[PDB]
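Here is the structure we will look at.
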Amino acid sequence: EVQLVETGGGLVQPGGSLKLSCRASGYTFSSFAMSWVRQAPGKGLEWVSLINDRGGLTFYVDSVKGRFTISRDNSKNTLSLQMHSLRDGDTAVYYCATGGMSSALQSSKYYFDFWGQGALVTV
Amino acid sequence: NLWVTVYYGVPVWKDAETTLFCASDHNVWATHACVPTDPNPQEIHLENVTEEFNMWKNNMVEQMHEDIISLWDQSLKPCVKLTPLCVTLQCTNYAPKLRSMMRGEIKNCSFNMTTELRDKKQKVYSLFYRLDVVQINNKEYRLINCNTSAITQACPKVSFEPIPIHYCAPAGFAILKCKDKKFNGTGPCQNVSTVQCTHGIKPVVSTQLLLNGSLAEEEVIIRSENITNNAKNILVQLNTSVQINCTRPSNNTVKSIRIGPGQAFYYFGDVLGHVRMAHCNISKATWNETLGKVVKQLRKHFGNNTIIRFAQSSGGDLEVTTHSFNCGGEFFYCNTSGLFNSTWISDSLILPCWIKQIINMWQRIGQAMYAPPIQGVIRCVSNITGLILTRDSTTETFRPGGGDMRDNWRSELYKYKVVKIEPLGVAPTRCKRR
Amino acid sequence: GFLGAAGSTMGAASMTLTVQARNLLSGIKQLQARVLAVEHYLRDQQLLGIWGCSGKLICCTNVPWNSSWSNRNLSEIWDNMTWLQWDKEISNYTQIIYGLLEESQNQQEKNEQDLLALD
Amino acid sequence: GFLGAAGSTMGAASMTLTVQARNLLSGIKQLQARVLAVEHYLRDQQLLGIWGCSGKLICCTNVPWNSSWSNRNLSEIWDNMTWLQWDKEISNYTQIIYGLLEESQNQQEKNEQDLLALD
Amino acid sequence: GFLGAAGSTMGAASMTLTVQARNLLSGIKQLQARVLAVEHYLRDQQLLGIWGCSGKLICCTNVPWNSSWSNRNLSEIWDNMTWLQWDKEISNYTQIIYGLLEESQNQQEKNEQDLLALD
Amino acid sequence: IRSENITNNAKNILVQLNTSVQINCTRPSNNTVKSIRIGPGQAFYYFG
Amino acid sequence: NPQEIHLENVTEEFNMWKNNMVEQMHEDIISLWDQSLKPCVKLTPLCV
């Protein structure tokens, strides 16, 4: 099957930095775009960031454009996210998702195909 | 909801006929207009590409034929034109001191040749081969060509030795090399690779037997445009060569006289030692094995229980009834009747050869060339790499045939195809212009 | 290498366009061959220019795919097909597509001129 | 058709630019004619490139019309005049216009370089 | 004038690029010379096109300077050096730079295609 | 009637007709042609 | 009225004995000489 497994930190003081690293298997990593989706403990889910299949293009929600960097290493089958200036409004479970974009020569996605279990980032 | 996207530089190609460049690493074939070759040429295997080849519709053969004829004629243009030699000859037999069953093959011909000044003539005694003169009716003779064409003397300083010539694609075109073992000259080729230039092809000019060519990778390959059509030639590419040792054992002495300002006529002056016949040595066991292999491959097409008979050429000009070739600067015509005289049912061989000085090449009429005699005894060792056969009932009969030089090129060019690159293409993508 | 992607899928081959683009350009009979090769190259560059693709190897346009030209899926074309097979399948439709591309660019040029004319 | 708009107004003729553009490119004496035709084509394409118009058939610029070159109204030029008449009327001013276009593009290229240099 | 900036600094010489660009294009032996000159011109234009610089004389790119190629200051290169001296100093690195420029443009073209694919 | 300068006697006048005039021209003699060889590969054709 | 443009502060190393303009001039002068002589009387009959 397809599995996404998050590795990450825990409690970080306000204004610090934290990096998540998501391992994936069961599919060709370089063939799919990847996203991070955030869910606060008492809320629903919202999209946070999107990276292309090659990693050249990154997109962010306006509220996180100056704090989060999304990157992917297609040789290590690893998707990582790095966030700085952790605000109190950013505490949540961060889920890896496969899908959300395709590189023009593939059928449209604009949805998430696979989900991880989620790293909990708190402050 | 897809949109047209334009791609430039796609690996797409269509069959095309263009002009290829000449490349090479005095000589009749060496040309100052051929670009130096690539010291380390690149060959790119095209994985999962199948291309349909047809060696008999390959326009590289026609270009090679035209280029070989053009180079030959360009070489002969700046040379002595022996117009003054079409005079009445008074010939007697050479008649050497020793009796030799070859009386009359070489004639001692007296004639009045021109000299530097137009008011004087020079009496010349020259030796000619029997095949180069005809009787008019000491007996009166003329050169074989004075009835049909003028003689251009080949320059004695320009060698006839074949050298490799590489054909390179012009930009915008590519050459596809088959590399499919046991490819029979037609149909889909699955091992296609792209090359900038062809391998070095020696412009060896011969009939019946193909010398100094390429060899089959695994088995003897029999190639024909239409194997059942008796009017088509069969090209047999051998996997092993047969060594042929050809010589002109007579120690011919070459003399030279001036025939006009800046012009000199080179002629066969005398024979030192004894007169000995030109001949070629082919190992008997090797040839017998070679024919056994050819018969097996022919039986694959003509039937396992049929009889394959080899026989001598039935007729025509000496160019096609004998094995014509040039080595050492001399033009040899070897009988070969000792090689194709056998019926195949379910230590050495020596071929007699004749030498000619007046050669009518490329099956043209009206342009004859005189080959100067080469001083001394000459010997050449060459590889027989393929055969030309024709076909004429349980028993099938095969004969040497040959004579059309295009087929000699085909025996080397069968692996190459020229294609034009079509870099534009369109395809549907989910990509809309702003 | 030059044409090494010929047997590869259209997607994989689309990443090597500069190799062939560079290799396309790289007495009387040879001069005729060279002049004709230049004229062909320039015709292809002019045709791209007419479509508004003068500086691109991968150029997206505003002409929709009709689906009558080919009703294959994107995975069938880009992952399970080569450029030689694709070129063969639509060899009867390239003049229609070229005409539509020229008309679309002419409309785009007029629209750009009119947009630039707004003070 | 090729040159069919020659007797039409400049406005009507401006919609057929691709027909002539395509038709412009489409022993020793013929090779000289073909090489010269290619050199002319390339000179016109180079000149458009110098002006920043390398990929356009209708290219708007930053050079103002002086009005000394022609003081005609837009309706007089585009609706009541052909391209042959217009070309004749300003045949004495095309080198001034070309020089201004080259200088303007050189200034534009320097300005673009400096704008791109702002971090 | 043509090549008049050859002894000038790189900065001063960068303002005369159109003079040389115009001058570059401006029996058998002469036809070979003209065809070869055209082929060279087109190779340089194709190379600029591959880099995404088809219509520019001054074209900025996304390839960083390594500093191993030359560790000189901008004032040393643009104010205290000529183009002939600069060309000599980096004559051993132009193939590396050209390769990086081609790869960078290929990545840019793929990124543009993917950005245009977002509905 | 077309001429470079109709009044200049040194110029030719080209007259293009609207209807053709049929002209029937013949060489009625039944000439027999003979041929002799004059050199290698060369033959001279003459009125025999 | 040909244009000559002085190249200020440009030093160029010259070598007149490796100057390929000499070989072209030599070839062009010989070619023109021979072309001029080709359409002229060849005095073959004079070697008497």
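To keep things simple, chains are lettered A, B, C, D, E, F and G as they appear, and every chain counts its residues starting from 1.
FYI, a residue touches a chain if its C-beta (ideal position, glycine included) is under 8 Å from a C-beta of that chain, and two chains touch if they have at least 3 such contacts.
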item: Intersection of the contact lists for chain A and chain G; value: B, E
item: Chain pair showing more contacts of the two, A-E and B-G; value: A-E
item: Chain whose Cα mean lies nearest the overall Cα mean; value: C
item: Where chain C and chain D are represented by their mean Cα positions, the distance between them in whole Å; value: 25
item: Computed distance of Cα centres, chain D from chain B, in Å; value: 59
item: Centre-to-centre distance between chain G and chain E (centres being mean Cα positions), rounded to whole Å; value: 35
item: Inter-centroid spacing, chain B versus chain A (mean Cα positions, whole Å); value: 72
item: Touching two or more other chains - residues of chain B; value: 5, 429-433
item: Residue list for chain A, restricted to those that touch at least two other chains; value: 102, 104-108
item: Residues within chain C bordering two or more other chains; value: 10, 14, 17-18, 21, 25-28, 31-32, 34-35, 38, 41-42, 47, 52-58, 60, 74, 78
item: Touching chain combinations (by label order); value: A-B, A-C, A-E, B-C, B-E, B-F, B-G, C-D, C-E, D-E, E-G
item: Chain C residues touching chain D - in the complex, by the definition given at the top; value: 28, 31-32, 35, 38-39, 42-43, 46-47, 49-50, 52-55, 102, 106, 109-110, 112-113, 116
item: Of chain C, residues touching chain E in the complex; value: 15, 17-18, 21-22, 25-28, 31, 34-35, 38, 41-42, 54-58, 60
item: Residue numbers on chain G that touch chain B, as the complex places them; value: 45, 47-48
item: Of chain F, residues touching chain B in the complex; value: 37, 39-41
item: Touching residues (chain side chain A, partner chain E) in the complex; value: 52, 54, 56-57, 101-104, 108, 110
